[PDB]
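Protein chains in written order, with the authors' numbering: chain L, 5 to 128; chain P, 1 to 83; chain Q, 2 to 105; chain T, 8 to 106; chain D, 2 to 209; chain H, 1 to 138. Think of the CB as a built atom: it goes at the ideal place given N, C-alpha and C, for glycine as much as any other residue. Working notes, structure below.
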Amino acid sequence: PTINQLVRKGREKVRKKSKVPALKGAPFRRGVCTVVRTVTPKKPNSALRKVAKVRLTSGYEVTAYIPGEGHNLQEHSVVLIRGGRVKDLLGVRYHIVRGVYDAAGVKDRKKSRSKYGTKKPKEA
Amino acid sequence: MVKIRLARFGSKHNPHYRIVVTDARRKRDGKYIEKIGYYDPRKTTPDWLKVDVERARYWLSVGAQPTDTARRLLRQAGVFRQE
Amino acid sequence: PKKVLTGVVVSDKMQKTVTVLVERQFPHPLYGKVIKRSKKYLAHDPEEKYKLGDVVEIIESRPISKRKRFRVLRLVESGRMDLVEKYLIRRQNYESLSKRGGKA
Amino acid sequence: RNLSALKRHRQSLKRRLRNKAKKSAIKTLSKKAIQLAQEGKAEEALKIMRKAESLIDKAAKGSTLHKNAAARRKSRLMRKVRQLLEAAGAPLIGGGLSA
Amino acid sequence: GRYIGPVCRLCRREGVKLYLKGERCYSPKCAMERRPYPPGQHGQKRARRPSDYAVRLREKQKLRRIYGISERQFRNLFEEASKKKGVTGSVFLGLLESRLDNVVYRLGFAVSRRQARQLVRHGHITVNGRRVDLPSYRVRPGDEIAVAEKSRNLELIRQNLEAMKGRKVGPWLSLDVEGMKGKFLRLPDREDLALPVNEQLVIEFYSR
Amino acid sequence: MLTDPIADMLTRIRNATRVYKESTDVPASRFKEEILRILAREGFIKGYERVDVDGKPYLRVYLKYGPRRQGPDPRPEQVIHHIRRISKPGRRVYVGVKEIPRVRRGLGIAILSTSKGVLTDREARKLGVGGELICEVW
RNA sequence: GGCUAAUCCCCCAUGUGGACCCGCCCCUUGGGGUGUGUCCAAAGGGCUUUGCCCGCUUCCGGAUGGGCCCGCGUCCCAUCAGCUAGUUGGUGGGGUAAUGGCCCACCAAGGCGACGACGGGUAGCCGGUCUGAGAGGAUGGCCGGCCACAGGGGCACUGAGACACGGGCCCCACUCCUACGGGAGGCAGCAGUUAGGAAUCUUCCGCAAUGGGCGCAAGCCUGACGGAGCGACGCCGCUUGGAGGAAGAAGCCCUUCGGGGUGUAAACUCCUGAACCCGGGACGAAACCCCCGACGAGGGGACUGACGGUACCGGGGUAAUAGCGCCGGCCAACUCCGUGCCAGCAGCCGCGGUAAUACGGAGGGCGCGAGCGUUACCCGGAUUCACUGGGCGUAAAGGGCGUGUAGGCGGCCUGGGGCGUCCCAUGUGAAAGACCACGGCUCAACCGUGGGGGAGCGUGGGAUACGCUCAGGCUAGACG
Ligand SMILES: [Mg+2]
Ligand SMILES: [Mg+2]
Ligand SMILES: [Mg+2]
Ligand SMILES: [Mg+2]
Ligand SMILES: [Mg+2]
Ligand SMILES: [Mg+2]
Ligand SMILES: [Mg+2]
Ligand SMILES: [Mg+2]
Ligand SMILES: [Mg+2]
Ligand SMILES: [Mg+2]
Ligand SMILES: [Mg+2]
Ligand SMILES: [Mg+2]
Ligand SMILES: [Mg+2]
Ligand SMILES: [Mg+2]
Ligand SMILES: [Mg+2]
Ligand SMILES: [Mg+2]
Ligand SMILES: [Mg+2]
Ligand SMILES: [Mg+2]
Ligand SMILES: [Mg+2]
Ligand SMILES: [Mg+2]
Ligand SMILES: [Mg+2]
Ligand SMILES: [Mg+2]
Ligand SMILES: [Mg+2]
Ligand SMILES: [Mg+2]
Ligand SMILES: [Mg+2]
Ligand SMILES: [Mg+2]
Ligand SMILES: [Mg+2]
Ligand SMILES: [Mg+2]
Ligand SMILES: [Mg+2]
Ligand SMILES: [Mg+2]
Ligand SMILES: [Mg+2]
Ligand SMILES: [Mg+2]
Ligand SMILES: [Mg+2]
Ligand SMILES: [Mg+2]
Ligand SMILES: [Mg+2]
Ligand SMILES: [Mg+2]
Ligand SMILES: [Mg+2]
Ligand SMILES: [Mg+2]
Ligand SMILES: [Mg+2]
Ligand SMILES: [Mg+2]
Ligand SMILES: [Mg+2]
Ligand SMILES: [Mg+2]
Ligand SMILES: [Mg+2]
Ligand SMILES: [Mg+2]
Ligand SMILES: [Mg+2]
Ligand SMILES: [Mg+2]
Ligand SMILES: [Mg+2]
Ligand SMILES: [Mg+2]
Ligand SMILES: [Mg+2]
Ligand SMILES: [Mg+2]
Ligand SMILES: [Mg+2]
Ligand SMILES: [Mg+2]
Ligand SMILES: [Mg+2]
Ligand SMILES: [Mg+2]
Ligand SMILES: [Mg+2]
Ligand SMILES: [Mg+2]
Ligand SMILES: [Mg+2]
Ligand SMILES: [Mg+2]
Ligand SMILES: [Mg+2]
Ligand SMILES: [Mg+2]
Ligand SMILES: [Mg+2]
Ligand SMILES: [Mg+2]
Ligand SMILES: [Mg+2]
Ligand SMILES: [Mg+2]
Ligand SMILES: [Mg+2]
Ligand SMILES: [Mg+2]
Ligand SMILES: [Mg+2]
Ligand SMILES: [Mg+2]
Ligand SMILES: [Mg+2]
Ligand SMILES: [Mg+2]
Ligand SMILES: [Mg+2]
Ligand SMILES: [Mg+2]
Ligand SMILES: [Mg+2]
Ligand SMILES: [Mg+2]
Ligand SMILES: [Mg+2]
Ligand SMILES: [Mg+2]
Ligand SMILES: [Mg+2]
Ligand SMILES: [Mg+2]
Ligand SMILES: [Mg+2]
Ligand SMILES: [Mg+2]
Ligand SMILES: [Mg+2]
Ligand SMILES: [Mg+2]
Ligand SMILES: [Mg+2]
Ligand SMILES: [Mg+2]
Ligand SMILES: [Mg+2]
Ligand SMILES: [Mg+2]
Ligand SMILES: [Mg+2]
Ligand SMILES: [Mg+2]
Ligand SMILES: [Mg+2]
Ligand SMILES: [Mg+2]
Ligand SMILES: [Mg+2]
Ligand SMILES: [Mg+2]
Ligand SMILES: [Mg+2]
Ligand SMILES: [Mg+2]
Ligand SMILES: [Mg+2]
Ligand SMILES: [Mg+2]
Ligand SMILES: [Mg+2]
Ligand SMILES: [Mg+2]
Ligand SMILES: [Mg+2]
Ligand SMILES: [Mg+2]
Ligand SMILES: [Mg+2]
Ligand SMILES: [Mg+2]
Ligand SMILES: [Mg+2]
Ligand SMILES: [Mg+2]
Ligand SMILES: [Mg+2]
Ligand SMILES: [Mg+2]
Ligand SMILES: [Mg+2]
Ligand SMILES: [Mg+2]
Ligand SMILES: [Mg+2]
Ligand SMILES: [Mg+2]
Ligand SMILES: [Mg+2]
Ligand SMILES: [Mg+2]
Ligand SMILES: [Mg+2]
Ligand SMILES: [Mg+2]
Ligand SMILES: [Mg+2]
Ligand SMILES: [Mg+2]
Ligand SMILES: [Mg+2]
Ligand SMILES: [Mg+2]
Ligand SMILES: [Zn+2]
């Protein structure tokens with residue numbers, strides 16, 4: 005575009021949409037489970053994927069993933085939601101944080117335990 | 001009423017004052033008028049006090065009022081001596 | 002220094018007051034080119050001696066009305082009706098900026 | 008409870024009273040004078056005007072009027088009085104005005 | 002806590018003697034003679050062509066493990082060098098070799114750099130007549146380093162200095178073994194040090 | 001009409017050299033001449049001369065190239081590798097003396113027009129003045 | 001309703017001086033001088049009272065602090081295009097410290113807008129800060145400067161100053177008291193409670209220091225402030241040992257059963273001596289005050305420490321926390337076992353249906369290390385809004401075509417101007433931050449002293465090539 009044109013018009017700064025309305029971008033948000041359901045992923049993958057519908061302190065109802073080998077969640081469980089999506093499930097935008105509130109850490113987890121929220125064993 | 005006084009500068013347990021001309025209403029470490037000197041009470045360097053006396057004299061002349069401690073330093077630096 | 006500006010008189014129509022149109026040039030802060038911008042100043046003309054088309058000097062003054070901050074310092078050159086005309090045509094061009102249009 | 012300078016408030020009221028009163032005095036006198044000048048009454052017009060001038064300056068003495076306040080009031084007074092006298096003229100006592 | 006776990010295993014990963022033990026590491030025990038390859042299960046399997054990154058990484062690691070310094074310190078020290086007027090590689094080496102612990106090793110008060118770190122931290126070392134216990138203290142040219150008088154009778158100090166008879170310290174240093182004092186005359190430059198490190202690679206490692 | 005006579009001349013030169021002409025004709029203006037004079041002092045051209053063409057003044061610019069070359073493509077290295085306008089009508093460019101560009105690590109040149117006359121960057125720096133940045137050439 | 005003092009209020013005087021009207025002079029917006037008329041002053045207290053101190057009054061000037069005014073700069077939407085009756089100007093008033101439509105009467109009919117008026121959305125601004133090769137983008141916590149606010153809305157009073165956070169009046173919401181008439185209140189001060197939240201501290205010490213208010217002073221006040229406490233929240237420094245010690249133990253892992261690995265790692269030997277105990281023990285504090293002098297200058301002298309029995313120094317002295325992420329490619333680190341499109345992993349491509357270096361454990365390894373990871377958000381990479389620094393035949397992208405308004409752009413020669421442009425000087429560009437040097441805490445973080453730099457803007461001087469402008473000429477463009 006001519007210099008004159010840039011002078012008349014100018015470039016448009018490019019705004020960035022948010023991947024996570026955890027509302028006021030907060031690193032985390034507390035909420036309570038509505039449903040704890042399993043759901044089936046998309047084409048080149050098969051599994052029963054563990055998921056929880058949460059009402060949130062934001063006033064938002066969202067869908068969360070429940071990472072780890074097994075979970076204690078159900079019903080009215082209070083929970084912390086951390087954001088980040090499961091790729092191969094449609095519309096799951098956030099993860100549940102193991103080891104906080106009503107979601108316990110993964111039983112018998114030796115490798116990276118700070119994810120999955122489990123504490124250090126004593127060597128026997 | 002314009003004053004000559006100390007403003008605190010160095011870190012915790014490291015006091016260093018600027019000897020300073022400022023309106024008395026100012027917070028002590030806030031904007032001053034002129035800096036006419038400096039004072040390190042712990043005398044950690046060979047010069048722990050310095051005062052510009054032609055200027056200290058100016059400010060006194062136009063009615064600046066020293067703090068007793070400001071006064072003390074200025075006297076040490078001979079602002080006051082008339083001989 | 003009380004600021005002096007130079008302008009063309011584009012308005013006769015008040016009492017003891019003229020409107021003085023004043024151009025300004027400068028490099029665009031980013032795109033670099035020299036751009037020309039302009040502002041109308043209401044200036045004090047007590048003797049009503051300044052006419053339309055006059056190029057005058059305007060001097061920063063003690064406030065006179067709400068939005069009269071300048072007085073007319075001196076006349077520079079008498080009558081340039083081209084500058085006035087340009088102003089007028091620009092104004093008349095507004096006629097079609099809105100829901101429809103008239104003639105160009 | 009009871010932070011003890013509402014003393015300041017009380018005083019403020021007293022002073023409010025004094026100032027109000029002085030101001031009233033000045034205004035009623037000024038009107039009296041001007042209204043007299045209206046009538047070509049110049050002798051007592053200037054007599055009153057003189058009292059008023061005094062009251063004004065005396066106000067300026069303390070916090071009632073203070074400085075340019077009074078000066079302005081005095082000016083507007085004398086201007087109006089003289090302006091009214093001429094238009095029927097004869098500055099009889101000529102008390103307050105330069106000849 | 003900068004490193005402090007088995008060492009000759011680093012001698013072994015970087016494929017070069019790092020001299021982290023003092024004695025031993027001279028004799029035929031260093032594990033470079035006696036199995037010079039990486040540690041662990043796969044150490045003896047055929048190596049694969051290293052990425053540019055792997056090269057730069059390992060060079061950096063080599064230089065760092067030599068001085069025993071941490072990565073945080075190493076990096077800050079490096080940023081310092083990059084800021085200073087004059088060639089970053091050289092300057093970085095000079096800043097590194099200027100550490101008090103290092104100087105205590107180079108002077109031969111301590112057999113190793115780790116031992117020097119301890120000698121310093123326990124205050125058997127004096128800089129300019131005054132005790133200094135901080136290993137990271139930067140010795141400036143002209144500074145005189147010595148063994149504190151009360152520690153002059155320590156069996157290990159007497160010993161280490163006894164073996165220092167008839168040995169020469171670096172050209173940027175000078176040592177009086179009779180008074181147990183050194184002096185840091187000049188910043189050493191790359192060619193004073195024999196270090197098996199191409200520092201261009203290190204510079205290139207942070208350039209990323 | 002011709003919106004940028006200086007650009008036009010620079011381009012005539014580029015265009016001409018890319019086909020290895022011995023000379024080209026640019027229409028004549030004093031300013032153009034001053035630019036040419038810089039080029040010809042600097043080695044980019046053999047020189048130039050005032051010339052009449054159909055009764056109108058022109059500047060015949062004599063082009064200059066390198067030795068003939070080996071391999072496929074015998075064509076010579078150009079003496080003017082790069083000739084480029086900076087300031088144009090429609091964006092004018094003025095540098096202060098601290099801002100005079102240094103073209104191609106000194107192997108190239110910039111040509112400023114200053115109130116001390118048309119100069120090269122070196123001339124301008126030594127003369128301590130800035131100006132309109134006309135073109136760069138290397 | 002009654003008594004009463006004063007540095008409380010008032011009246012006359014004195015008028016240095018000053019204020020106002022009118023004239024005159026210089027000056028030029030309401031600055032300075034001058035004449036006549038008028039108007040305007042004061043407060044007393046302490047002493048060793050025979051003279052000093054503390055004050056009071058008018059005035060001129062200084063210093064500091066402020067008000068008001070102008071140029072320029074200051075986010076998104078044009079799916080906001082027209083806005084405007086105190087509106088725009090005038091005369092005369094009112095108001096104020098003071099200009100002003102600030103307010104009012106009357107008169108005129110204007111003012112603003114595509115160079116974005118009006119409307120809507122968001123937002124305290126700045127020094128700076130983060131990022132970036134830079135240009136740029138993003139931000140404005142703490143520290144310093146300015147603004148604004150003190151439950152919400154209005155208003156004034158008292159003052160040099162407020163339209164006043166811990167002052168006053170009224171309306172509204174809320175809490176509490178209530179003899180139902182009516183009252184009280186305002187932590188966006190320090191702490192602390194409660195609620196909301198992913199989340200943010202002690203109802204601590206001290207007036208010793210610096211600073212502030214009043215006081216002749218002695219002194220009083222000061223949740224400013226100096227400190228301590230709590231939290232790896234950040235940064236920096238430090239420890240968990242150092243030297244020796246096997247062709248190399250046991251256990252655990254891999255195995256071609258020959259062996260390989262963890263590994264000098266351990267054990268063990270020897271040395272040092274964090275922690276801890278004992279002893280001494282701070283700087284920060286010399287003024288205010290006392291002495292001589294002269295309540296000055298000058299000289300000399302003594303009191304005062306929350307932090308703290310802390311830092312520090314001396315003596316003694318124990319081998320004395322390590323974790324966290326990762327090892328398919330990007331990306332540094334590979335094997336065994338379990339699982340069999342399950343369970344799971346996942347930033348992207350992808351991995352898992354029987355050999356899985358991609359799941360889970362283990363061995364081993366890589367990276368960091370009192371931390372290591374995760375989520376969020378900003379810049380980066382993204383030359384992916386392209387000024388630096390991009391494009392439009394077929395990838396996104398030439399308007400269906402013209403006519404022309406505003407605007408953008410403009411051939412050759414000469415002259416004046418010197419607006420753009422360039423150069424010099426000067427002022428400004430506070431402090432802090434950044435940069436450089438030297439220094440103080442054993443180092444560093446942190447801090448001190450000094451130096452340099454700096455866009456932009458003001459003022460003076462200069463240059464004239466180019467751009468502008470005015471004046472004249474040409475004919476190669478254009479038209480005839
Ligand atoms: Mg699959
Ligand atoms: Mg102030
Ligand atoms: Mg001295
Ligand atoms: Mg004096
Ligand atoms: Mg003009
Ligand atoms: Mg008219
Ligand atoms: Mg007016
Ligand atoms: Mg005038
Ligand atoms: Mg219209
Ligand atoms: Mg319409
Ligand atoms: Mg009180
Ligand atoms: Mg009181
Ligand atoms: Mg009345
Ligand atoms: Mg007035
Ligand atoms: Mg460097
Ligand atoms: Mg040397
Ligand atoms: Mg070595
Ligand atoms: Mg040819
Ligand atoms: Mg020639
Ligand atoms: Mg080219
Ligand atoms: Mg450019
Ligand atoms: Mg400039
Ligand atoms: Mg260079
Ligand atoms: Mg009574
Ligand atoms: Mg009585
Ligand atoms: Mg007199
Ligand atoms: Mg009297
Ligand atoms: Mg009185
Ligand atoms: Mg009396
Ligand atoms: Mg007396
Ligand atoms: Mg001022
Ligand atoms: Mg109205
Ligand atoms: Mg009206
Ligand atoms: Mg008026
Ligand atoms: Mg108005
Ligand atoms: Mg405009
Ligand atoms: Mg708007
Ligand atoms: Mg806001
Ligand atoms: Mg913003
Ligand atoms: Mg940076
Ligand atoms: Mg950078
Ligand atoms: Mg960019
Ligand atoms: Mg920047
Ligand atoms: Mg901003
Ligand atoms: Mg805050
Ligand atoms: Mg602040
Ligand atoms: Mg409000
Ligand atoms: Mg509140
Ligand atoms: Mg409310
Ligand atoms: Mg309110
Ligand atoms: Mg007062
Ligand atoms: Mg008042
Ligand atoms: Mg108040
Ligand atoms: Mg209030
Ligand atoms: Mg307020
Ligand atoms: Mg309060
Ligand atoms: Mg208050
Ligand atoms: Mg009340
Ligand atoms: Mg209330
Ligand atoms: Mg509070
Ligand atoms: Mg309360
Ligand atoms: Mg809660
Ligand atoms: Mg706190
Ligand atoms: Mg206390
Ligand atoms: Mg105190
Ligand atoms: Mg004090
Ligand atoms: Mg109290
Ligand atoms: Mg505090
Ligand atoms: Mg060992
Ligand atoms: Mg074994
Ligand atoms: Mg193990
Ligand atoms: Mg074995
Ligand atoms: Mg022992
Ligand atoms: Mg002390
Ligand atoms: Mg002392
Ligand atoms: Mg005291
Ligand atoms: Mg005496
Ligand atoms: Mg004395
Ligand atoms: Mg000890
Ligand atoms: Mg000992
Ligand atoms: Mg042990
Ligand atoms: Mg791959
Ligand atoms: Mg990496
Ligand atoms: Mg790899
Ligand atoms: Mg299964
Ligand atoms: Mg994993
Ligand atoms: Mg992510
Ligand atoms: Mg199987
Ligand atoms: Mg398998
Ligand atoms: Mg497979
Ligand atoms: Mg595996
Ligand atoms: Mg993976
Ligand atoms: Mg695995
Ligand atoms: Mg650390
Ligand atoms: Mg980005
Ligand atoms: Mg980069
Ligand atoms: Mg870039
Ligand atoms: Mg894009
Ligand atoms: Mg571009
Ligand atoms: Mg592109
Ligand atoms: Mg197609
Ligand atoms: Mg297309
Ligand atoms: Mg077409
Ligand atoms: Mg169309
Ligand atoms: Mg056309
Ligand atoms: Mg046109
Ligand atoms: Mg033009
Ligand atoms: Mg031309
Ligand atoms: Mg000319
Ligand atoms: Mg000029
Ligand atoms: Mg600065
Ligand atoms: Mg130092
Ligand atoms: Mg700047
Ligand atoms: Mg300047
Ligand atoms: Mg100038
Ligand atoms: Mg000339
Ligand atoms: Mg012409
Ligand atoms: Mg024809
Ligand atoms: Zn070794």
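Practice task
Return yes when the C-beta of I67 (chain D) is under 8 Å from any heavy atom of ligand 17, and no when it is not.
Solution key: Mapped onto the fifth sequence, residue 67 (chain D) falls at position 66. Yes - ligand 17 has a heavy atom lying nearer than 8 Å to the Cβ of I67 (chain D).
Problem - Proximal residues to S83 (chain D) (C-beta, below 7 Å), its chain only, five neighbours per side dropped - result: Numbered from 1 along the fifth sequence, position 82 holds the residue referred to as residue 83 (chain D). Within the same chain, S83 (chain D) has close Cβ partners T89.
Problem - Start-end ranges of the beta strand (DSSP E) lying completely within the region 10 to 50 of chain L, minimum 3 residues - result: Qualifying beta strand (DSSP E) stretches, in chain order: 33 to 43.
Exercise for the section: Grab me the residues of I86 (chain H)'s own chain with a C-beta within less than 7 Å of its C-beta, minus the 5 sequence neighbours each way, in chain order. Expected result: Residue mapping note: residue 86 (chain H) aligns to position 86 of the sixth sequence, counting from 1. Once the five neighbours on either side are set aside, the close Cβ partners of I86 (chain H) are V93, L133, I134, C135, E136.
Handout entry: Closer than 8 Å: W173 (chain D) CB and nearest ligand 16 heavy atom
Key = As a working note, residue 173 (chain D) is residue 172 in the fifth sequence. Yes, since a heavy atom of ligand 16 falls inside the 8 Å radius drawn around the Cβ of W173 (chain D).
Handout entry: Any non-hydrogen atom of ligand 9 within 8 Å of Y88 (chain Q) CB
Key = Indexing the third sequence from 1 puts residue 88 (chain Q) at position 87. No, Cβ of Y88 (chain Q) sits at least 8 Å from all heavy atoms of ligand 9.
Handout entry: Cβ-based contacts, 7 Å cut-off: residues of the region 53 to 69 of chain Q near chain H
Key = none
Handout entry: Those residues which DSSP pairs with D52 (chain H) across a bridge
Key = Counting from one through the sixth sequence, the residue named residue 52 (chain H) turns up at place 52. H:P57, per the DSSP bridge assignment.
Problem - Distance cut 7 Å, beta-carbon to ligand 10 heavy atom: residue list by chain order - result: Listed by chain position, these are Q:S99, Q:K100, Q:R101.
Handout entry: Residue-level contact to chain L via CB, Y32 (chain Q), 9 Å cutoff
Key = Here residue 32 (chain Q) refers to the residue found at position 31 of the third sequence. It does; some Cβ of chain L falls within 9 Å.
Practice task
Assess, as a yes-or-no matter, whether the region 14 to 21 of chain Q is touched by the region 46 to 62 of chain Q under the definition of 3 or more beta carbon pairs within less than 8 Å.
Solution key: yes
Practice task
Just list the beta strand (DSSP E) runs in the region 48 to 135 of chain D, keeping only unbroken ones of 3 residues or longer that don't cross its boundaries, in chain order.
Solution key: 126 to 128
Exercise for the section: Note down, in chain order, every chain Q residue with its Cβ under 7 Å from the Cβ of residue 1 (chain L). Expected result: Outside the displayed span of chain L (5 to 128) sits residue 1 (chain L), for which this structure offers no information.
Problem - Span of the beta strand (DSSP E), counted from its first residue to its last, around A7 (chain P) - result: By one-based count along the second sequence, residue 7 (chain P) stands at place 7. From DSSP, the beta strand (DSSP E) with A7 (chain P) extends over 2 to 8.
Practice task
Could you tell me whether any Cβ in chain Q is nearer than 9 Å to the Cβ of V19 (chain H)?
Solution key: Here the question's residue 19 (chain H) lines up with position 19 in the sixth sequence. For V19 (chain H), the answer is no, since every Cβ of chain Q falls outside 9 Å of its Cβ.
Problem - Residues near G88 (chain L) in its chain [Cβ-Cβ closer than 6 Å; skip 5 each side] - result: By 1-based counting over the first sequence, the position of residue 88 (chain L) is 84. Result list for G88 (chain L): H99, in chain order.
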